[PDB]
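Everything below belongs to work-v7.csv, which stores CSV, N, CA and C atoms.
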```
chain,number,residue,atom,x,y,z
A,215,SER,N,0.8,-1.2,0.0
A,215,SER,CA,0.0,0.0,0.0
A,215,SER,C,0.9,1.3,0.0
A,216,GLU,N,2.1,1.2,-0.5
A,216,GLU,CA,3.0,2.3,-0.6
A,216,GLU,C,2.4,3.3,-1.6
A,217,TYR,N,2.4,4.6,-1.2
A,217,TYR,CA,1.9,5.7,-2.0
A,217,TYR,C,0.3,5.6,-2.1
A,218,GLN,N,-0.4,4.9,-1.2
A,218,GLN,CA,-1.9,4.9,-1.3
A,218,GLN,C,-2.4,6.0,-0.4
A,219,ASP,N,-2.1,7.2,-0.7
A,219,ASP,CA,-2.5,8.5,0.0
A,219,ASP,C,-3.5,9.4,-0.8
A,220,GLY,N,-4.0,8.9,-1.9
A,220,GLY,CA,-5.0,9.6,-2.8
A,220,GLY,C,-4.4,10.5,-3.8
A,221,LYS,N,-3.1,10.9,-3.6
A,221,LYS,CA,-2.3,11.8,-4.5
A,221,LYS,C,-1.8,11.0,-5.7
A,222,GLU,N,-1.5,11.7,-6.8
A,222,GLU,CA,-1.0,11.2,-8.1
A,222,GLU,C,0.4,10.6,-8.0
A,223,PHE,N,0.9,9.9,-9.0
A,223,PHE,CA,2.2,9.4,-9.3
A,223,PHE,C,2.5,8.1,-8.5
A,224,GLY,N,2.8,7.0,-9.3
A,224,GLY,CA,3.2,5.7,-8.8
A,224,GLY,C,4.6,5.3,-9.3
A,225,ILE,N,5.1,4.2,-8.8
A,225,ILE,CA,6.4,3.7,-9.1
A,225,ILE,C,6.6,3.5,-10.6
A,226,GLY,N,7.7,3.9,-11.1
A,226,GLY,CA,8.1,3.8,-12.5
A,226,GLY,C,7.7,5.1,-13.4
A,227,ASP,N,6.9,6.0,-12.8
A,227,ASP,CA,6.4,7.2,-13.6
A,227,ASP,C,7.6,8.1,-13.8
A,228,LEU,N,7.7,8.6,-15.1
A,228,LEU,CA,8.6,9.7,-15.5
A,228,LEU,C,8.0,11.0,-15.2
A,229,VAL,N,8.8,11.8,-14.4
A,229,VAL,CA,8.3,13.1,-13.9
A,229,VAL,C,9.3,14.2,-14.1
A,230,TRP,N,8.8,15.4,-13.9
A,230,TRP,CA,9.7,16.6,-13.7
A,230,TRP,C,9.5,16.8,-12.2
A,231,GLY,N,10.6,17.0,-11.5
A,231,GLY,CA,10.6,17.3,-10.1
A,231,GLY,C,11.1,18.7,-9.8
A,232,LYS,N,10.5,19.4,-8.9
A,232,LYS,CA,11.0,20.7,-8.5
A,232,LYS,C,11.5,20.9,-7.1
A,233,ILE,N,12.7,21.2,-7.0
A,233,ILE,CA,13.4,21.5,-5.7
A,233,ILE,C,13.7,23.0,-5.7
A,234,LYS,N,13.5,23.7,-4.5
A,234,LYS,CA,13.7,25.1,-4.4
A,234,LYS,C,15.1,25.5,-4.8
A,235,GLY,N,15.2,26.5,-5.6
A,235,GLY,CA,16.5,27.0,-6.1
A,235,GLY,C,17.0,26.3,-7.4
A,236,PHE,N,16.3,25.3,-7.9
A,236,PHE,CA,16.6,24.6,-9.1
A,236,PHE,C,15.5,24.5,-10.1
A,237,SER,N,15.9,24.4,-11.4
A,237,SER,CA,14.9,24.2,-12.4
A,237,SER,C,14.1,22.9,-12.3
A,238,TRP,N,13.0,22.7,-13.0
A,238,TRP,CA,12.3,21.5,-13.0
A,238,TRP,C,13.3,20.5,-13.6
A,239,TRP,N,13.5,19.3,-13.0
A,239,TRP,CA,14.5,18.3,-13.4
A,239,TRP,C,13.8,17.0,-13.6
A,240,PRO,N,14.3,16.2,-14.7
A,240,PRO,CA,13.6,14.9,-14.9
A,240,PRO,C,14.1,13.8,-13.9
A,241,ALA,N,13.1,13.0,-13.6
A,241,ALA,CA,13.3,11.9,-12.6
A,241,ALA,C,12.4,10.7,-12.8
A,242,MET,N,12.6,9.7,-12.1
A,242,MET,CA,11.7,8.5,-12.1
A,242,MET,C,11.2,8.3,-10.6
A,243,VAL,N,9.9,8.0,-10.4
A,243,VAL,CA,9.3,7.7,-9.1
A,243,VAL,C,9.8,6.2,-8.8
A,244,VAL,N,10.4,6.1,-7.6
A,244,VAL,CA,10.9,4.8,-7.2
A,244,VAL,C,10.2,4.4,-5.8
A,245,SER,N,10.4,3.1,-5.5
A,245,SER,CA,9.9,2.6,-4.1
A,245,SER,C,10.9,3.1,-3.1
A,246,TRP,N,10.5,3.3,-1.9
A,246,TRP,CA,11.4,3.7,-0.8
A,246,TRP,C,12.5,2.6,-0.6
A,247,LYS,N,12.2,1.3,-0.9
A,247,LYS,CA,13.1,0.2,-0.8
A,247,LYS,C,14.3,0.2,-1.7
A,248,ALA,N,14.3,1.1,-2.7
A,248,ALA,CA,15.4,1.3,-3.6
A,248,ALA,C,16.4,2.3,-3.1
A,249,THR,N,15.9,3.1,-2.2
A,249,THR,CA,16.7,4.3,-1.7
A,249,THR,C,17.7,4.1,-0.6
A,250,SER,N,17.6,3.1,0.2
A,250,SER,CA,18.4,2.8,1.4
A,250,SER,C,18.1,3.8,2.5
A,251,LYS,N,16.9,4.5,2.4
A,251,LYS,CA,16.5,5.5,3.4
A,251,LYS,C,15.4,5.0,4.3
A,252,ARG,N,14.2,5.6,4.1
A,252,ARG,CA,13.0,5.3,4.9
A,252,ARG,C,11.7,5.4,4.0
A,253,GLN,N,10.5,5.0,4.6
A,253,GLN,CA,9.3,5.2,3.8
A,253,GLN,C,9.0,6.7,3.7
A,254,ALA,N,8.5,7.1,2.5
A,254,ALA,CA,8.2,8.5,2.3
A,254,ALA,C,6.9,8.9,3.1
A,255,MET,N,6.9,10.2,3.6
A,255,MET,CA,5.7,10.7,4.3
A,255,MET,C,4.5,10.7,3.4
A,256,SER,N,3.3,10.7,4.0
A,256,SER,CA,2.0,10.8,3.1
A,256,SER,C,2.1,12.1,2.3
A,257,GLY,N,1.7,12.0,1.0
A,257,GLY,CA,1.8,13.1,0.1
A,257,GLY,C,3.1,13.3,-0.6
A,258,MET,N,4.1,12.5,-0.1
A,258,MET,CA,5.5,12.5,-0.7
A,258,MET,C,5.8,11.3,-1.5
A,259,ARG,N,6.7,11.4,-2.5
A,259,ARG,CA,7.2,10.3,-3.3
A,259,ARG,C,8.7,10.3,-3.3
A,260,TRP,N,9.3,9.2,-3.4
A,260,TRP,CA,10.8,9.1,-3.6
A,260,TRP,C,11.0,9.1,-5.1
A,261,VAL,N,11.9,9.9,-5.5
A,261,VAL,CA,12.3,10.0,-7.0
A,261,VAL,C,13.8,9.8,-7.1
A,262,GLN,N,14.2,9.3,-8.3
A,262,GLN,CA,15.7,9.2,-8.6
A,262,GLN,C,15.9,10.1,-9.8
A,263,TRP,N,16.9,11.0,-9.7
A,263,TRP,CA,17.1,12.0,-10.7
A,263,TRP,C,17.9,11.4,-11.9
A,264,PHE,N,17.5,11.7,-13.1
A,264,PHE,CA,18.3,11.3,-14.3
A,264,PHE,C,19.5,12.2,-14.4
A,265,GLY,N,20.6,11.6,-14.8
A,265,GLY,CA,21.9,12.3,-14.9
A,265,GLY,C,22.8,12.1,-13.7
A,266,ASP,N,22.3,12.0,-12.5
A,266,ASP,CA,23.1,11.9,-11.3
A,266,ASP,C,22.7,10.7,-10.5
A,267,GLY,N,21.6,10.1,-10.7
A,267,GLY,CA,21.1,8.9,-10.0
A,267,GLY,C,20.9,9.0,-8.5
A,268,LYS,N,20.8,10.2,-8.0
A,268,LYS,CA,20.6,10.5,-6.5
A,268,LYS,C,19.1,10.4,-6.2
A,269,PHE,N,18.7,10.2,-5.0
A,269,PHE,CA,17.3,10.0,-4.5
A,269,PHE,C,16.8,11.2,-3.7
A,270,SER,N,15.6,11.6,-3.9
A,270,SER,CA,15.0,12.7,-3.1
A,270,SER,C,13.6,12.4,-2.8
A,271,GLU,N,13.1,12.8,-1.6
A,271,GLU,CA,11.7,12.7,-1.1
A,271,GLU,C,11.0,14.0,-1.5
A,272,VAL,N,10.1,14.0,-2.5
A,272,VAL,CA,9.5,15.2,-3.1
A,272,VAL,C,8.0,15.1,-2.9
A,273,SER,N,7.4,16.2,-2.6
A,273,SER,CA,5.9,16.3,-2.5
A,273,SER,C,5.3,16.0,-3.9
A,274,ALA,N,4.2,15.3,-3.9
A,274,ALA,CA,3.4,15.0,-5.2
A,274,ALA,C,3.0,16.4,-5.8
A,275,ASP,N,2.9,17.4,-5.0
A,275,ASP,CA,2.5,18.8,-5.5
A,275,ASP,C,3.7,19.5,-6.2
A,276,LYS,N,4.9,18.9,-6.1
A,276,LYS,CA,6.2,19.4,-6.7
A,276,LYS,C,6.7,18.5,-7.8
A,277,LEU,N,5.7,17.6,-8.3
A,277,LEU,CA,6.0,16.7,-9.4
A,277,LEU,C,4.9,16.9,-10.5
A,278,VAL,N,5.2,16.7,-11.7
A,278,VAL,CA,4.4,16.8,-12.9
A,278,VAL,C,4.8,15.7,-13.9
A,279,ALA,N,3.9,15.1,-14.7
A,279,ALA,CA,4.3,14.1,-15.7
A,279,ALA,C,5.3,14.7,-16.6
A,280,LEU,N,6.3,13.8,-17.0
A,280,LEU,CA,7.4,14.3,-17.9
A,280,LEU,C,6.7,14.6,-19.3
A,281,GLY,N,5.6,14.0,-19.6
A,281,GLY,CA,4.8,14.2,-20.8
A,281,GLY,C,4.4,15.7,-21.0
A,282,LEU,N,4.3,16.5,-19.9
A,282,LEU,CA,4.0,17.9,-20.0
A,282,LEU,C,5.4,18.6,-20.3
A,283,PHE,N,6.0,18.2,-21.4
A,283,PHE,CA,7.4,18.5,-21.7
A,283,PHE,C,7.7,20.0,-22.0
A,284,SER,N,7.1,20.6,-23.1
A,284,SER,CA,7.3,21.9,-23.5
A,284,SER,C,7.0,22.9,-22.4
A,285,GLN,N,6.0,22.5,-21.5
A,285,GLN,CA,5.6,23.3,-20.3
A,285,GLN,C,6.6,23.4,-19.2
A,286,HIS,N,7.6,22.4,-19.1
A,286,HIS,CA,8.5,22.4,-18.0
A,286,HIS,C,10.0,22.4,-18.4
A,287,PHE,N,10.2,22.2,-19.7
A,287,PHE,CA,11.6,22.2,-20.3
A,287,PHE,C,12.1,23.7,-20.1
A,288,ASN,N,13.3,23.8,-19.6
A,288,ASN,CA,13.9,25.1,-19.4
A,288,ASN,C,15.0,25.3,-20.4
A,289,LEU,N,14.8,26.1,-21.4
A,289,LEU,CA,15.7,26.4,-22.5
A,289,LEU,C,17.0,27.1,-22.0
A,290,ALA,N,16.8,28.1,-21.0
A,290,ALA,CA,18.0,28.8,-20.4
A,290,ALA,C,18.9,27.8,-19.7
A,291,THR,N,18.3,26.9,-18.9
A,291,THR,CA,19.1,25.9,-18.1
A,291,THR,C,19.8,24.9,-19.1
A,292,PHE,N,19.1,24.5,-20.1
A,292,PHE,CA,19.6,23.6,-21.1
A,292,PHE,C,20.8,24.2,-21.8
A,293,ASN,N,20.8,25.5,-22.2
A,293,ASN,CA,21.9,26.2,-22.8
A,293,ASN,C,23.1,26.4,-21.9
A,294,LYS,N,22.8,26.6,-20.6
A,294,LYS,CA,23.8,27.0,-19.6
A,294,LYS,C,24.5,25.8,-18.9
A,295,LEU,N,23.7,24.7,-18.6
A,295,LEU,CA,24.3,23.5,-17.9
A,295,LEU,C,24.4,22.2,-18.7
A,296,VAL,N,25.6,21.7,-18.8
A,296,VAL,CA,25.9,20.4,-19.4
A,296,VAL,C,25.2,19.2,-18.6
A,297,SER,N,25.1,19.4,-17.3
A,297,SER,CA,24.5,18.4,-16.4
A,297,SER,C,23.0,18.3,-16.7
A,298,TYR,N,22.3,19.4,-17.1
A,298,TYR,CA,20.9,19.4,-17.5
A,298,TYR,C,20.8,18.7,-18.9
A,299,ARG,N,21.8,19.0,-19.8
A,299,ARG,CA,21.8,18.4,-21.1
A,299,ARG,C,21.9,16.8,-21.0
A,300,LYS,N,22.8,16.3,-20.1
A,300,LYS,CA,23.0,14.9,-19.8
A,300,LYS,C,21.8,14.3,-19.2
A,301,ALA,N,21.1,15.0,-18.2
A,301,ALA,CA,19.9,14.5,-17.6
A,301,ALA,C,18.8,14.3,-18.6
A,302,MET,N,18.7,15.3,-19.6
A,302,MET,CA,17.7,15.2,-20.7
A,302,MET,C,17.9,14.0,-21.6
A,303,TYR,N,19.2,13.7,-21.9
A,303,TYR,CA,19.5,12.5,-22.7
A,303,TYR,C,19.0,11.2,-22.0
A,304,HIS,N,19.4,11.0,-20.8
A,304,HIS,CA,19.0,9.8,-20.0
A,304,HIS,C,17.5,9.6,-19.8
A,305,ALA,N,16.8,10.7,-19.5
A,305,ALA,CA,15.4,10.7,-19.3
A,305,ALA,C,14.7,10.4,-20.7
A,306,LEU,N,15.1,11.1,-21.8
A,306,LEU,CA,14.4,10.9,-23.1
A,306,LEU,C,14.8,9.6,-23.7
A,307,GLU,N,15.9,9.0,-23.4
A,307,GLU,CA,16.3,7.6,-23.8
A,307,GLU,C,15.3,6.6,-23.1
A,308,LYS,N,15.0,6.8,-21.8
A,308,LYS,CA,14.1,5.9,-21.1
A,308,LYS,C,12.7,6.0,-21.7
A,309,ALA,N,12.3,7.3,-22.0
A,309,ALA,CA,11.0,7.6,-22.7
A,309,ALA,C,10.9,7.0,-24.1
A,310,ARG,N,12.0,7.0,-24.9
A,310,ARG,CA,12.1,6.4,-26.2
A,310,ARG,C,11.9,4.9,-26.2
A,311,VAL,N,12.5,4.2,-25.3
A,311,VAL,CA,12.4,2.8,-25.1
A,311,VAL,C,11.0,2.4,-24.8
A,312,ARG,N,10.4,3.0,-23.8
A,312,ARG,CA,9.0,2.8,-23.3
A,312,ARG,C,8.0,3.0,-24.4
A,313,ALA,N,8.1,4.1,-25.2
A,313,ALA,CA,7.2,4.5,-26.3
A,313,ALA,C,7.3,3.6,-27.5
A,314,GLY,N,8.4,2.8,-27.6
A,314,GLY,CA,8.7,2.0,-28.8
A,314,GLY,C,9.1,2.8,-30.0
A,315,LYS,N,9.8,3.9,-29.7
A,315,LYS,CA,10.2,4.9,-30.6
A,315,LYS,C,11.7,4.6,-31.1
A,316,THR,N,12.0,4.9,-32.3
A,316,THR,CA,13.4,4.7,-32.9
A,316,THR,C,13.8,6.0,-33.6
A,317,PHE,N,15.1,6.4,-33.5
A,317,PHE,CA,15.6,7.5,-34.2
A,317,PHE,C,16.7,7.1,-35.2
A,318,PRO,N,16.9,7.8,-36.3
A,318,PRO,CA,17.9,7.5,-37.3
A,318,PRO,C,19.3,7.9,-36.8
A,326,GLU,N,25.2,15.7,-28.0
A,326,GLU,CA,24.4,16.8,-28.5
A,326,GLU,C,23.7,16.4,-29.8
A,327,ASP,N,24.4,15.7,-30.7
A,327,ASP,CA,23.8,15.2,-32.0
A,327,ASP,C,22.8,14.1,-31.8
A,328,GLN,N,23.0,13.2,-30.8
A,328,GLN,CA,22.0,12.1,-30.5
A,328,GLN,C,20.8,12.8,-29.8
A,329,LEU,N,21.0,13.8,-29.0
A,329,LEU,CA,20.0,14.5,-28.2
A,329,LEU,C,19.0,15.3,-29.1
A,330,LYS,N,19.5,15.9,-30.2
A,330,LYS,CA,18.7,16.8,-31.1
A,330,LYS,C,17.4,16.1,-31.6
A,331,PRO,N,17.3,14.9,-32.2
A,331,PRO,CA,16.0,14.4,-32.6
A,331,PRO,C,15.1,13.9,-31.4
A,332,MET,N,15.7,13.5,-30.3
A,332,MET,CA,15.0,13.1,-29.1
A,332,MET,C,14.3,14.4,-28.5
A,333,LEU,N,15.0,15.5,-28.4
A,333,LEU,CA,14.5,16.8,-27.9
A,333,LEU,C,13.4,17.3,-28.8
A,334,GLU,N,13.5,17.2,-30.1
A,334,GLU,CA,12.5,17.6,-31.1
A,334,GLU,C,11.2,16.7,-30.9
A,335,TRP,N,11.4,15.4,-30.7
A,335,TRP,CA,10.3,14.4,-30.5
A,335,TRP,C,9.5,14.8,-29.2
A,336,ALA,N,10.3,15.0,-28.1
A,336,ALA,CA,9.7,15.4,-26.8
A,336,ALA,C,9.0,16.7,-26.8
A,337,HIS,N,9.6,17.8,-27.4
A,337,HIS,CA,9.0,19.1,-27.5
A,337,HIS,C,7.8,19.1,-28.4
A,338,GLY,N,7.7,18.2,-29.4
A,338,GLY,CA,6.6,18.1,-30.3
A,338,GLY,C,5.4,17.3,-29.9
A,339,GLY,N,5.5,16.8,-28.6
A,339,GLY,CA,4.4,16.0,-28.0
A,339,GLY,C,4.5,14.5,-28.1
A,340,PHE,N,5.7,14.0,-28.3
A,340,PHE,CA,6.0,12.5,-28.3
A,340,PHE,C,5.2,11.8,-29.3
A,341,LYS,N,5.1,12.3,-30.5
A,341,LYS,CA,4.3,11.7,-31.6
A,341,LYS,C,5.1,10.4,-32.1
A,342,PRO,N,4.4,9.3,-32.5
A,342,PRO,CA,3.0,9.1,-32.7
A,342,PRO,C,2.2,8.6,-31.4
A,343,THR,N,2.9,8.1,-30.4
A,343,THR,CA,2.2,7.6,-29.2
A,343,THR,C,1.5,8.7,-28.3
A,344,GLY,N,2.1,9.9,-28.3
A,344,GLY,CA,1.7,10.9,-27.3
A,344,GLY,C,2.2,10.5,-26.0
A,345,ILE,N,1.7,11.1,-24.9
A,345,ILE,CA,2.2,10.9,-23.5
A,345,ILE,C,1.9,9.5,-23.0
A,346,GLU,N,0.9,8.7,-23.6
A,346,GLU,CA,0.5,7.4,-23.2
A,346,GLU,C,1.7,6.4,-23.3
A,347,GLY,N,2.5,6.6,-24.3
A,347,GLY,CA,3.7,5.8,-24.6
A,347,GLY,C,4.8,5.8,-23.5
A,348,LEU,N,4.8,6.8,-22.6
A,348,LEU,CA,5.8,7.0,-21.6
A,348,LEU,C,5.4,6.2,-20.3
A,349,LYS,N,4.2,5.7,-20.2
A,349,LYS,CA,3.7,4.9,-19.0
A,349,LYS,C,4.6,3.7,-18.7
A,350,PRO,N,4.9,3.4,-17.5
A,350,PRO,CA,5.7,2.1,-17.2
A,350,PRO,C,4.9,0.9,-17.5
A,351,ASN,N,5.6,-0.2,-17.8
A,351,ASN,CA,5.0,-1.5,-18.2
A,351,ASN,C,5.0,-2.5,-17.0
```
Will you turn the file into structure tokens for me?
Amino acid sequence: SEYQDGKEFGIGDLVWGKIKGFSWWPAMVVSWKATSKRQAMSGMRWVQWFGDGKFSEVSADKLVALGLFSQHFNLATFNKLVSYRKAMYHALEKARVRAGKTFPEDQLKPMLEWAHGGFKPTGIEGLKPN
């Protein structure tokens, strides 16, 4: 009954997570058992950040589906930080495999165009965990 608090987001979900002083960052919702920490408080979820693999306990109100991409993608942070560019690659690679998508900085370009364009042809349904 982990995360049975009435709030959104379950294990395996791709999300944007917001920490104070940082841009919205891509992550995956994980079970507390993967963290080596403790059970999350009601209303909170454990997430693992793409690019650095670290764990954080984040309020479900500070998470949004990764699928709301153009809405949370930060162009200024993308241009400024190589760590954000690397996080985008790992998050969009996970999204690509889940959606059954195939592509023909250079690797990132068509993945970013696919994400910004609404993850066509599956849309956001293709990012759901199996």
>> Just checking: using all atoms listed in the file, which residue out of A:226, A:331, A:235, A:240 ends up closest to residue A:349?
In response: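 The shortest atom-to-atom distance to residue A:349 comes from A:226.
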>> When DSSP is applied to the backbone of this structure, which of stretch 235-346 of chain A are assigned strand (DSSP E)? Write them out as a list in words.
In response: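 So the strand (DSSP E) residues in stretch 235-346 of chain A would be residues 239, 240, 241, 242, 243, 244, 258, 259, 260, 261, 262, 263, 269, 270, 271, 272, 273, 277, 278 and 279 of chain A.
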>> Applying 6 Å and all atoms listed in the file, which residues near residue A:348 remain after dropping the ones on its own chain fewer than 3 positions away? List them as a ChimeraX atom specification.
In response: /A:309,312-313,344-345
> What lies within 8 Å of stretch 285-296 of chain A using only C-alpha atoms, ignoring chain neighbours under 3 positions off, as a count of residues only?
Replying inline: 6
> Can you list, as a ChimeraX atom specification, every residue of stretch 246-348 of chain A that DSSP puts in helix (DSSP H, G or I)?
Replying inline: /A:246-248,274-276,283-286,289-294,296-313,329-337,344-348
> What does the distance between atom C of residue A:234 and atom C of residue A:246 come to in Å, to one decimal place?
Replying inline: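 Value for the atom C of residue A:234-atom C of residue A:246 distance: 23.4 Å.
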> Which is closest to residue A:350 among A:277, A:225, A:272, A:241, if we use all atoms listed in the file?
Replying inline: A:225
> Which residue out of A:233, A:306, A:301, A:254 has the minimum interatomic distance to residue A:276 when only C-alpha atoms are used?
Replying inline: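 Ranking A:233, A:306, A:301, A:254 by distance to residue A:276, first place goes to A:233.
If you look at atom C of residue A:256 and atom C of residue A:224, they are 13.7 Å away from each other.
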> To one decimal place, how far is atom N of residue A:217 from atom N of residue A:268 in Å?
Replying inline: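 So the two atoms, atom N of residue A:217 and atom N of residue A:268, lie 20.4 Å apart.
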> Smallest atom-to-atom distance to residue A:304: which of A:221, A:228, A:265, A:245, using all atoms listed in the file?
Replying inline: A:265
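The list of residues with at least one atom within 8 Å of stretch 332-342 of chain A, based on only N, CA and C atoms and without residues fewer than 2 positions apart in the same chain, reads residues 281, 282, 283, 284, 285, 302, 303, 306, 307, 310, 315, 317, 327, 328, 329, 330, 344, 345, 346 and 347 of chain A.
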